[PDB]
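Trainee: Mind having a look at this structure? Questions to follow.
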Amino acid sequence: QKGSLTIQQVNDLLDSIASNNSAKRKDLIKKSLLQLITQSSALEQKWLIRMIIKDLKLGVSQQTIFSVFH
DNA sequence: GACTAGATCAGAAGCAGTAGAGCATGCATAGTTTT
Numbered sequence: 139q140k141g142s143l144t145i146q147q148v149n150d151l152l153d154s155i156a157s158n159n160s161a162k163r164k165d166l167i168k169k170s171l172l173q174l175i176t177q178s179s180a181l182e183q184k185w186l187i188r189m190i191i192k193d194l195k196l197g198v199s200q201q202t203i204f205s206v207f208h
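So this is what it looks like as structure tokens:
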């Protein structure tokens, strides 16, 4: 019901997944995904799946996010 | 396009079991020597 991951850790794990896919090593992808699964809650994992597939469906336009930012 | 995963065939290594050869133990029998 509670996670123990920070944003930097998640970015590092995703970077490892991408790089190891580029290098044709699936064991490291499995290890990174296992760490993410073991150190995350169900909601966090749902959002991680959405981020991996690259579709969040927030309902707010990218232009709106940029306008809010600056 | 590139790459991965599942299924399948062939060859090879491991293991089990039988056969064949070799090594040690003892004695049967006979021969030879001694009295």
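Remember, the deposited numbering sits 138 above the position in the first sequence when you count from 1.
From the three backbone atoms N, C-alpha and C, an ideal C-beta is built for every residue, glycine too.
1. Could you pull out every residue in the same chain whose Cβ sits closer than 7 Å to the Cβ of residue 194, ignoring the five residues on either side in sequence?
2. Tell me which residues share the same chain as residue 175 and place their Cβ nearer than 8 Å to its Cβ, disregarding the 5 neighbours each side in the sequence.
3. Kindly indicate which three-state DSSP category residue 142 falls into: helix, strand or coil?
4. Determine whether the beta carbon atoms of residue 152 and residue 190 lie at a separation below 9 Å.
5. Considering only the beta carbon of each residue, do residue 211 and residue 166 sit closer than 9 Å?
Mentor: In this structure, then:
1. When the five nearest sequence neighbours on each side are left out, the beta carbons in the same chain lying within less than 7 Å of the beta carbon of residue 194 are those of 188, in order along the chain.
2. Sequence-distant Cβ neighbours of residue 175 in its own chain, meaning closer than 8 Å and more than five residues away, are 183.
3. The answer is coil: DSSP assigns residue 142 none of H, G, I, E or B.
4. Contact flag set, yes.
5. Examination of residue 211 is not possible in this model, given that the chain is present from 139 through 208 alone.
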